[PDB]
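Right, one structure below, let's go through it.
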Amino acid sequence: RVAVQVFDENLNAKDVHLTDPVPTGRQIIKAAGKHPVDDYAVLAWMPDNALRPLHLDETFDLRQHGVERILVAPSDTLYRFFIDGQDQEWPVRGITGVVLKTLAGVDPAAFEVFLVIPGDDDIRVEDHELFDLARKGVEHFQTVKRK
Amino acid sequence: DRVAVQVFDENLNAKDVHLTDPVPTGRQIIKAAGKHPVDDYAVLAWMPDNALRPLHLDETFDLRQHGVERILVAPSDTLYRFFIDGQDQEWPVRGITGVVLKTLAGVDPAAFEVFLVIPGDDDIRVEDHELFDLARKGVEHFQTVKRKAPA
Amino acid sequence: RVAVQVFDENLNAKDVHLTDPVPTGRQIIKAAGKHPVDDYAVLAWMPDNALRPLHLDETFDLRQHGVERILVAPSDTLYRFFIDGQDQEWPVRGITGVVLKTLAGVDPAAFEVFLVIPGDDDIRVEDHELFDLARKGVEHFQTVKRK
Amino acid sequence: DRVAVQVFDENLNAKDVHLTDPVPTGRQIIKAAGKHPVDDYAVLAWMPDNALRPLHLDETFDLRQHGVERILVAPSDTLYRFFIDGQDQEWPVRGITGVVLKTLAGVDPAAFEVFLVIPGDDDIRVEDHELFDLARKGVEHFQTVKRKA
Amino acid sequence: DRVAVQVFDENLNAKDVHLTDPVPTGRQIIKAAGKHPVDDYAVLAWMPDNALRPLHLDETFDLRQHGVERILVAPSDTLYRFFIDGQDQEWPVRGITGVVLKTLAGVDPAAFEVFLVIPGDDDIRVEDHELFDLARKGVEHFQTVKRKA
Amino acid sequence: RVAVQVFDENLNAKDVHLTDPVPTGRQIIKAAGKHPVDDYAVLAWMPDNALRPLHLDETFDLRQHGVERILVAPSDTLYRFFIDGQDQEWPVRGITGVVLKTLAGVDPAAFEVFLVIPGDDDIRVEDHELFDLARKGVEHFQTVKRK
Amino acid sequence: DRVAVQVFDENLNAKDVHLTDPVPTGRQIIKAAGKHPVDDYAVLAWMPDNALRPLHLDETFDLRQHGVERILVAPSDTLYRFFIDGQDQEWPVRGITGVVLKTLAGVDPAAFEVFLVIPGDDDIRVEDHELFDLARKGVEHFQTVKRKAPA
Amino acid sequence: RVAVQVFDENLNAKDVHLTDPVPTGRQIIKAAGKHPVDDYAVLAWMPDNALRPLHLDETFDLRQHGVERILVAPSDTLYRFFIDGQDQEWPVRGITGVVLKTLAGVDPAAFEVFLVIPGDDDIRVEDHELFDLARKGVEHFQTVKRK
Ligand SMILES: [Ca+2]
Ligand SMILES: [Ca+2]
Ligand SMILES: [Ca+2]
Ligand SMILES: [Ca+2]
Ligand SMILES: [Ca+2]
Ligand SMILES: [Ca+2]
Ligand SMILES: [Ca+2]
Ligand SMILES: [Ca+2]
Ligand SMILES: [Ca+2]
Ligand SMILES: [Ca+2]
Ligand SMILES: [Ca+2]
Ligand SMILES: [Ca+2]
């Protein structure tokens, strides 16, 4: 029994046991109890907090890559953005400030996250404000220490 | 070590690029392709089984180990999820043409037709040069059918 | 003593107790009370609902694979098909819509199953319609929620 | 990092194939073999004891652990079940020849004959290059006999 | 047997330099550039991806293997760390101009503006010929904006 | 799994395990448990005790270079100096005599370190005296055996 | 192929020498300089970075390949090891003058002063025409300092 | 790992592994575990037994020159002499007959070495007699077959 944490779009985890330490994308989604499989995105959450998309037929050695967290979410489209310089992809059109501050690896209570706009004023994303990643352009997010 | 890779765009137009490092990052690939700003471009290694694997700007990729000689770079703020002949794929542009689909499927585009398979409803044929909108609600399912008379 | 449910082609189950946690294909067929052994197919029903054929001399560790369900049916030929994208094999020439929707892992009452024909009209398979899998070609089935 | 496996067709013509992954899926094998559409092809790992094990397109298979160096890919909508010298086998094509049978049996095809054994009735001999129809009703039982002169 | 490399100063004025060794040390580069004392000069190979890599006086550097044809030498007792469009950079001189930044960024300086991005606060635009002081506390983050008319 | 000692500006070490033998500068800083990544300098500590700066996106084969020690420290500026003739860079404005004598590869108890001033008096750096490297000029240090 | 090389002595007095072979040996150089016995003379090619590389009588040296046009020949039974501004050097004569040191350092001797750097002790200034004894115990460390007023 | 033999003034070797096949003089001395670096002479021992001095900052391709032996010794002065017609330099004021006969490439047991004085009697250097190369003049040594 291989235990992996499966996260949803809100970064709530569910413990899942795998019989094969090298699952496919299908095996992860099936074990997560999600259907139809073709409607769900699966993204291994790397040790450096990077989200790496996996294909349903792509084999992935969890042990070799040191991956113990997986993200599964219903998605027909992935949105591209940056948080503290990390290239990321988000499977849901919306994302909240606390999730961002979590992706950044900071204490969400102690930091603020802004949509950084070069040359214009930055837009602060509130902890529970759902930010629309469907905006035109690649969204650039950065965390600021909350004194 | 000069590594030659074919860099494809959303239209599958290729350009040869020579790399000094056989294990480049996504950032290095986009830079070598002569594209800026780097943060506005998606890079997807085109695997030998024709699967498109997105790469991050900081993600190292051994081209020799993975047997990858083709790379896709395209301007993209969002990736669209779809299936072609059962293959899990991602497309960096809102549009994709029938010739690209049949190419992703690994068929000779002249001898095949590609359809958007609608379960329980009539299938919609995608013309070779018709720009198909992958931004439609739902995950688009495409399948290639042998075209009796190459038209 | 390992208890396993043994299914027939109609997915009617019978509990069978095994003295060996690593049986052979013959041992399963014998324990299921079917003879002659050479006229019966045995397919381990994997956790992801994939049917993996077993040989009469092939040893199979049920615990390692987490397999607790087995399908036994008389068969001189296996028919190849897909259900919601899963590579499957069926030991009988016929299969019903309710069995397909069961293989698909859906609630058969809440879903409809179609034989997907690319470019032509799709054929809906009734719950108790026995579909002839001996037709030329690989049969492709997909389940749709019944709105 | 190139893993070599021989890929056989229904007539037992082989092609060497190099894999980047020593544990490919069935899909990866068929794609690497250059066969399309993938959904129309069956893949069966040829085990060291001459057993043919069907693989799914999504089923991972450790070639090295199983000691498998030969693979069979063939266009197939149906597998036919038969026995050769007591070995449980499946053939993805409706036809099989005596030389292929004697090959599966691990005997020298020149020194042996293969018969379709019929219990209580007369046995039917399968010629080396006779293509035998496995679509006959029932499970086909084949057995090899030494061609002792 | 003459290997040509361009040597840049802090203002990006270049001088062609011929080397007898395609793998010189940092000392050899500075000496060949005609700079003294050598211990007062920093040398940073300008990589093909516009990355500036500091070299030690005793560090051997294969120019051909790295595809490096441009070199930066400048008088420096301290390197200042900053970012331009996400690239980790070091500048050996306390000052840097907008045109130099846009040059490091690989953009057409006429068609772009460069800003010092301040998260949550107002951004400071760096003029082409404004000499910006990198000695400010913190790591300086610069980002280029298209001067779309 | 590659184990490396990660040093701070005081040369206090922490063992860090890496999943990749060719990490990037970001990957090292992330694994060391330091954030934000953009505020930290990383310097591979070469076998000849030379400190080679690494970029956040610069891949570094630790095995090829035989590097098993890494220095990570928060830094907005690197200071240039010499110790026993070695071109070095220090990420912090201050450096102690014991660290210098350590960089020099000498036994700090058996040696004295001086800031060599040509033509003027040399300044001895105490083991725990924090020397200000932000002074104008390139600092030249040389170690002398304490007779 | 007449190759012209400047031959310097311990005092850095030059004499032009024409060579028939662009790849001479140390023996050939000393002979061409008009010095005998050959076995009593050291020859050190003066590299472009001002480093002095000793040559053996039988050692071939491609002047064109190494870009060397200056050669040092001097009577010597022993070479002395020293440093100037961090450069590893060898001197064939027991004595060396401050002007030669500042010349080896590549500075204008009028605008600079050269010191024997003593770690932890006071530095000893070497005058331009003071003959410095390199036979002192230890490796001598010299460093040039800008002379505020050219004296 | 590039293996080179490092010799001392007595021609005793120590195996040393190099990470770079083109080391500098510093890299050799550092790997040899000698300090301070500025107090040591390094001389590549050429295939024809010629000793070629290297600078601390001089790059030397061991493979191109076919060099696998290196001599490191503490030295502030090199002494010039000839053995069997070979122009040589010795970093230590003293040298023994066995080392000379070794430099000459002869069997030290089967040969005698003399300081050849033209017109005067030659002085024989005993195998373990330490000969003072600080004598005025260039020392001329020649090996004689010991019948
Ligand atoms: Ca702003
Ligand atoms: Ca967006
Ligand atoms: Ca879509
Ligand atoms: Ca249809
Ligand atoms: Ca069928
Ligand atoms: Ca049959
Ligand atoms: Ca700064
Ligand atoms: Ca002093
Ligand atoms: Ca300083
Ligand atoms: Ca001396
Ligand atoms: Ca005599
Ligand atoms: Ca002497």
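Scheme for the structure tokens: letters A, B, ... for chains in order shown; per-chain residue numbers from 1; ligand numbers from 1 in order shown.
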Counting only C-alpha atoms, chain A residues within 7 Å of chain B, as number ranges by chain: A: 39, 55-56, 76-80, 87, 137-138
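When chain C is least-squares superimposed on chain A using all C-alpha positions, the deviation that remains is 0.3 Å RMSD.
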Distance filter 8 Å, only C-alpha atoms, chain E against chain G, as a PyMOL selection string: chain E and resi 1+20+28+31-32+36-37
Polymer residues at most 10 Å from residue 148 in chain D, only C-alpha atoms, same-chain spacing of 4 or more positions, as JSON, numbers by chain: {"D": [111, 112, 113]}
Selection near residue 147 in chain F, 9 Å with only C-alpha atoms, sequence-local residues under 2 positions removed, as a ChimeraX atom specification: /F:110-111,144-145
Let's have the selection written as a short mmCIF file (atom, residue, chain, number, x, y, z; two decimals), in the first residue's frame, with N, CA, C and O atoms.
```
data_model
loop_
_atom_site.label_atom_id
_atom_site.label_comp_id
_atom_site.auth_asym_id
_atom_site.auth_seq_id
_atom_site.Cartn_x
_atom_site.Cartn_y
_atom_site.Cartn_z
N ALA F 110 46.11 27.13 14.47
CA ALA F 110 47.55 27.16 14.24
C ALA F 110 47.98 28.31 13.33
O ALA F 110 49.18 28.42 13.04
N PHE F 111 47.06 29.15 12.88
CA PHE F 111 47.38 30.18 11.90
C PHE F 111 46.81 31.52 12.33
O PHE F 111 45.85 31.60 13.12
N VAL F 144 49.22 33.40 8.17
CA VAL F 144 50.58 33.22 8.67
C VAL F 144 50.54 32.26 9.85
O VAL F 144 49.70 32.42 10.75
N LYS F 145 51.43 31.27 9.85
CA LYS F 145 51.53 30.34 10.97
C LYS F 145 51.87 31.07 12.26
O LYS F 145 52.79 31.90 12.29
#
```
Interface residues on chain E facing chain H, 12 Å, only C-alpha atoms, written as a ChimeraX atom specification: /E:21-28,56-62
Save the residues we just selected, N, CA, C and O atoms, as an mmCIF file, in the first residue's frame?
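Result file follows (selection-v1.cif):
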```cif
data_model
loop_
_atom_site.group_PDB
_atom_site.id
_atom_site.type_symbol
_atom_site.label_atom_id
_atom_site.label_comp_id
_atom_site.auth_asym_id
_atom_site.auth_seq_id
_atom_site.Cartn_x
_atom_site.Cartn_y
_atom_site.Cartn_z
ATOM 1 N N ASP E 21 44.900 30.672 -26.633
ATOM 2 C CA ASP E 21 44.329 29.485 -26.014
ATOM 3 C C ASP E 21 42.813 29.594 -26.069
ATOM 4 O O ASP E 21 42.254 30.576 -25.550
ATOM 5 N N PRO E 22 42.100 28.644 -26.681
ATOM 6 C CA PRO E 22 40.631 28.711 -26.662
ATOM 7 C C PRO E 22 40.038 28.450 -25.290
ATOM 8 O O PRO E 22 38.846 28.718 -25.089
ATOM 9 N N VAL E 23 40.826 27.939 -24.348
ATOM 10 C CA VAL E 23 40.397 27.766 -22.963
ATOM 11 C C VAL E 23 41.305 28.609 -22.074
ATOM 12 O O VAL E 23 42.227 28.072 -21.441
ATOM 13 N N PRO E 24 41.113 29.921 -22.019
ATOM 14 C CA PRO E 24 41.935 30.757 -21.144
ATOM 15 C C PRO E 24 41.431 30.700 -19.708
ATOM 16 O O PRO E 24 40.337 30.218 -19.418
ATOM 17 N N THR E 25 42.256 31.208 -18.803
ATOM 18 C CA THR E 25 41.777 31.467 -17.458
ATOM 19 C C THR E 25 41.261 32.900 -17.377
ATOM 20 O O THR E 25 41.421 33.697 -18.301
ATOM 21 N N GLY E 26 40.616 33.220 -16.256
ATOM 22 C CA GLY E 26 40.155 34.583 -16.055
ATOM 23 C C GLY E 26 41.301 35.574 -16.062
ATOM 24 O O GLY E 26 41.182 36.677 -16.600
ATOM 25 N N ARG E 27 42.424 35.190 -15.455
ATOM 26 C CA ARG E 27 43.618 36.025 -15.466
ATOM 27 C C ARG E 27 44.083 36.286 -16.892
ATOM 28 O O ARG E 27 44.363 37.430 -17.270
ATOM 29 N N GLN E 28 44.173 35.225 -17.700
ATOM 30 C CA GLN E 28 44.613 35.363 -19.085
ATOM 31 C C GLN E 28 43.718 36.321 -19.859
ATOM 32 O O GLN E 28 44.206 37.119 -20.667
ATOM 33 N N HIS E 56 36.693 33.072 -12.134
ATOM 34 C CA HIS E 56 37.824 33.328 -11.261
ATOM 35 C C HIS E 56 39.087 33.503 -12.098
ATOM 36 O O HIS E 56 39.168 33.056 -13.245
ATOM 37 N N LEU E 57 40.081 34.175 -11.510
ATOM 38 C CA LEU E 57 41.335 34.397 -12.224
ATOM 39 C C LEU E 57 42.010 33.082 -12.582
ATOM 40 O O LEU E 57 42.715 32.999 -13.595
ATOM 41 N N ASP E 58 41.812 32.050 -11.766
ATOM 42 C CA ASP E 58 42.409 30.744 -11.988
ATOM 43 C C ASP E 58 41.434 29.730 -12.572
ATOM 44 O O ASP E 58 41.811 28.569 -12.759
ATOM 45 N N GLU E 59 40.200 30.130 -12.867
ATOM 46 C CA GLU E 59 39.199 29.205 -13.385
ATOM 47 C C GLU E 59 39.346 29.085 -14.898
ATOM 48 O O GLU E 59 39.259 30.087 -15.617
ATOM 49 N N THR E 60 39.564 27.862 -15.377
ATOM 50 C CA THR E 60 39.625 27.604 -16.808
ATOM 51 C C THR E 60 38.218 27.616 -17.392
ATOM 52 O O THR E 60 37.269 27.136 -16.766
ATOM 53 N N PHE E 61 38.084 28.167 -18.598
ATOM 54 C CA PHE E 61 36.779 28.318 -19.243
ATOM 55 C C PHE E 61 36.906 27.973 -20.720
ATOM 56 O O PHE E 61 37.596 28.673 -21.467
ATOM 57 N N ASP E 62 36.239 26.901 -21.137
ATOM 58 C CA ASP E 62 36.216 26.489 -22.539
ATOM 59 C C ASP E 62 35.207 27.375 -23.263
ATOM 60 O O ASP E 62 33.996 27.170 -23.158
#
```
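Using only C-alpha atoms and all ligand atoms as the basis for the distance check, residues found within 10 Å of ligand 9 are residues 76, 77, 78 and 79 of chain E; 78, 79, 80, 81, 82, 89, 90, 93, 94, 132, 133, 134, 135, 136, 137, 138, 139 and 140 of chain F.
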Export of the given selection (N, CA, C and O atoms) as a compact mmCIF listing (two decimals), in the first residue's frame:
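And here's result.txt as it stands now:
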```txt
# COMPACT_ATOMS: atom_id res chain seq x y z
N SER E 76 35.93 46.19 -10.34
CA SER E 76 34.88 45.84 -9.39
C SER E 76 35.48 45.29 -8.11
O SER E 76 36.36 44.42 -8.15
N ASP E 77 35.01 45.81 -6.97
CA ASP E 77 35.27 45.22 -5.67
C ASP E 77 34.04 44.51 -5.11
O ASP E 77 34.11 43.94 -4.01
N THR E 78 32.92 44.54 -5.83
CA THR E 78 31.67 43.98 -5.35
C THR E 78 30.70 43.79 -6.52
O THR E 78 30.62 44.64 -7.41
N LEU E 79 29.98 42.68 -6.50
CA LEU E 79 28.97 42.37 -7.50
C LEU E 79 27.59 42.58 -6.89
O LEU E 79 27.36 42.23 -5.73
N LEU F 78 27.37 40.62 -3.64
CA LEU F 78 28.51 39.76 -3.37
C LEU F 78 29.77 40.62 -3.29
O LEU F 78 29.95 41.54 -4.10
N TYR F 79 30.63 40.32 -2.33
CA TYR F 79 31.83 41.10 -2.09
C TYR F 79 33.05 40.29 -2.52
O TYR F 79 33.13 39.09 -2.26
N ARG F 80 33.99 40.96 -3.18
CA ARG F 80 35.13 40.29 -3.80
C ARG F 80 36.36 40.43 -2.93
O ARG F 80 36.67 41.52 -2.43
N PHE F 81 37.08 39.32 -2.74
CA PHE F 81 38.27 39.32 -1.90
C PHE F 81 39.15 38.14 -2.29
O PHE F 81 38.77 37.29 -3.10
N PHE F 82 40.34 38.11 -1.71
CA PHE F 82 41.31 37.06 -1.94
C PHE F 82 41.72 36.48 -0.60
O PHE F 82 41.91 37.22 0.38
N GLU F 89 34.30 35.03 -3.58
CA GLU F 89 33.16 35.93 -3.44
C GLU F 89 32.40 35.57 -2.17
O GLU F 89 32.20 34.39 -1.88
N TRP F 90 32.03 36.59 -1.39
CA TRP F 90 31.33 36.37 -0.15
C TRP F 90 29.96 37.03 -0.20
O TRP F 90 29.87 38.23 -0.52
N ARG F 93 28.13 40.96 3.92
CA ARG F 93 29.01 42.11 4.11
C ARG F 93 30.12 41.82 5.11
O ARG F 93 31.20 42.43 5.04
N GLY F 94 29.90 40.89 6.04
CA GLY F 94 30.86 40.57 7.08
C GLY F 94 31.43 39.18 6.92
O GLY F 94 30.77 38.28 6.41
N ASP F 132 34.47 43.85 7.85
CA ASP F 132 33.52 44.51 6.96
C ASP F 132 34.09 44.48 5.54
O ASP F 132 35.01 45.24 5.21
N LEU F 133 33.54 43.60 4.70
CA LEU F 133 33.97 43.50 3.32
C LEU F 133 33.37 44.56 2.41
O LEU F 133 33.71 44.59 1.22
N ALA F 134 32.50 45.43 2.91
CA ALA F 134 31.93 46.49 2.09
C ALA F 134 32.88 47.67 1.94
O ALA F 134 32.53 48.65 1.28
N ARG F 135 34.06 47.59 2.53
CA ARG F 135 35.07 48.62 2.38
C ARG F 135 35.49 48.75 0.92
O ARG F 135 35.48 47.78 0.16
N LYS F 136 35.85 49.97 0.54
CA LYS F 136 36.34 50.24 -0.81
C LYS F 136 37.59 49.42 -1.11
O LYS F 136 38.52 49.35 -0.30
N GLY F 137 37.62 48.82 -2.29
CA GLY F 137 38.74 48.02 -2.72
C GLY F 137 38.49 46.53 -2.57
O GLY F 137 37.55 46.07 -1.92
N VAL F 138 39.37 45.76 -3.20
CA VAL F 138 39.34 44.30 -3.12
C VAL F 138 40.21 43.88 -1.95
O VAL F 138 41.41 44.20 -1.90
N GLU F 139 39.62 43.17 -0.99
CA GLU F 139 40.31 42.81 0.24
C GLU F 139 41.25 41.64 -0.02
O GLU F 139 40.85 40.63 -0.61
N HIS F 140 42.50 41.78 0.40
CA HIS F 140 43.52 40.76 0.20
C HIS F 140 43.94 40.20 1.55
O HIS F 140 44.48 40.92 2.39
```
